[PDB]
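Novice: Build me a structure from this.
(one chain, ligands or ions: 2)
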Amino acid sequence: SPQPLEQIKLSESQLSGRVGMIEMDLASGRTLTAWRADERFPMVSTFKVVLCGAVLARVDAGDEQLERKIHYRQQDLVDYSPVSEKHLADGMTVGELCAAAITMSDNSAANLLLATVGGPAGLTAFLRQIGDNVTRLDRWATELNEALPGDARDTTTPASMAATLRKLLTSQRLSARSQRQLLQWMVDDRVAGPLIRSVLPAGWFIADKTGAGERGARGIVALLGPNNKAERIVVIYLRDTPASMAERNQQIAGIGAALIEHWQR
Ligand SMILES: OC[C@H]1O[C@H](O[C@H]2[C@H](O)[C@@H](O)[C@H](OCCCCCCC3CCCCC3)O[C@@H]2CO)[C@H](O)[C@@H](O)[C@@H]1O
Ligand SMILES: *C(=O)/C=C/N[C@@H](C(=O)O)[C@](C)(Cn1ccnn1)[SH](=O)=O
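Specialist: Residues are numbered from 1 along each chain as shown. Ligands and ions are numbered 1, 2, ... in the order given. Take a look:
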């Protein structure tokens, strides 16, 4: 594989779309690679990680409990609720809802949680409170993936997202237990995690949340590193490409391969 920046360029050339990327040391925030890092990209399902960071902040403040059971109705379900559709009779705890939203990208679970933090506006205000003045959530779970060109709704930038994830995971804004919980949910991703491990060389750590939307929108926020350590945060978004999902996946994997082959920078 070529150097990371050269692979990123090749990916835009092959997809006819924009790639947004940031590679950052998780412990210190050192930015290693930055491409279109201040440009807007649809967050798609990656917003679910920030969502649960806001929920954990409420738990830390004593305004929420991960144990609290939420009972909902069938009428509350939206498109793609693999976990939540199974608990109409018994409900789900807030913690279970975050596990379902992050590890299975359960949309009804995300919407139920979103309501607890004040909706899209409430989540955006939480982002503003931790110092992210760019990322914005404007719509609910199954409408935020539209990705209209020029539409600023439901977008983030690679730099903003990376900084925000680092803040949630390591800045002590969240309690030690909450930081550990957010990390574990990402480690537990069932949608892309196992697949990524199957193609990663032995010794590489992976935790992640992926997403996809219209007009080729694709995204992944992840922790990656050799020696089984979450050494760096890597955020990659793709937008406005007519490419098949398989090729968008292949290009992202290619950027990952370039990082792996040229790690010491
Ligand atoms: O020299 C380094 C490595 O080179 C190859 O590994 C390949 C691997 O066989 C391939 O499957 C993967 O594809 C990349 C898979 C990445 C999947 C997604 C990664 C995510 C993680 C974070 C966000 C962006 C992408 O590339 C590596 C590096 O070339 C060799 O097979 C391996 O033995 C060797 O240790
Ligand atoms: C978040 O990015 C969600 C994207 N796609 C979801 C969805 O829109 O609800 C589906 C269900 C694909 N999917 C399943 C699990 N993760 N993504 S839709 O694109 O089929």
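Novice: for stretch 142-157, which positions count as buried?
Specialist: 144, 145, 146, 147, 153, 154, 155, 156, 157 (16 or more other C-beta atoms under 10 Å). In short, each C-beta sits where N, CA and C put it, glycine included.
Novice: list the contacts for the fifth one?
Specialist: So the one you mean is residue 153. Listed by C-beta atoms under 8 Å, 6 or more residues apart in numbering, the contact set of residue 153 reads 136, 138, 139, 144.
Novice: at 7 Å what do you get?
Specialist: Neighbour list for residue 153: 138, 139 [criterion: C-beta atoms under 7 Å, 6 or more residues apart in numbering].
Novice: The fourth one now?
Specialist: The contact partners of residue 147, by C-beta under 7 Å, 6+ apart, come to 42, 213, 214, 215, 217, 239.
Novice: tell me the two of those that are most distant?
Specialist: Spanning the widest gap among those are 214 and 239, at 9.7 Å by C-beta to C-beta.
Novice: And these two? Which one has more around it.
Specialist: residue 239 (25 against 13; other C-beta atoms under 10 Å).
Novice: beta partners of the more buried one?
Specialist: Beta-bridge partners of residue 239, counted by DSSP bridges, are residue 18.
Novice: Please identify which of the buried residues of stretch 142-157 is nearest to ligand 1.
Specialist: Nearest to ligand 1 among these is residue 156, at 15.3 Å by C-beta to the nearest ligand atom.
Novice: Enumerate every residue touching the residue lying closest to that closest one once chain neighbours are set aside.
Specialist: Nearest residue to residue 156, sequence neighbours excluded (C-beta to C-beta, 6 or more residues apart in numbering): residue 135, at 4.0 Å. By C-beta under 7 Å, 6+ apart, the contact list for residue 135 reads 127, 156, 160, 161, 164.
Novice: Mark which of the residues you listed are part of strands, please.
Specialist: residue 156 (DSSP state E).
Novice: which of the contacts of residue 135 count as buried?
Specialist: By 16+ other C-beta under 10 Å, those give 127, 156, 160, 161, 164 as buried.
Novice: neighbours around the closest residue to the third one other than its chain neighbours, how many?
Specialist: Put plainly, it is residue 160. Using C-beta to C-beta, 6+ apart and skipping residues adjacent in sequence, the residue nearest residue 160 is residue 134, 4.1 Å away. Residue 134 is flanked by 17 other residues according to other C-beta under 10 Å.
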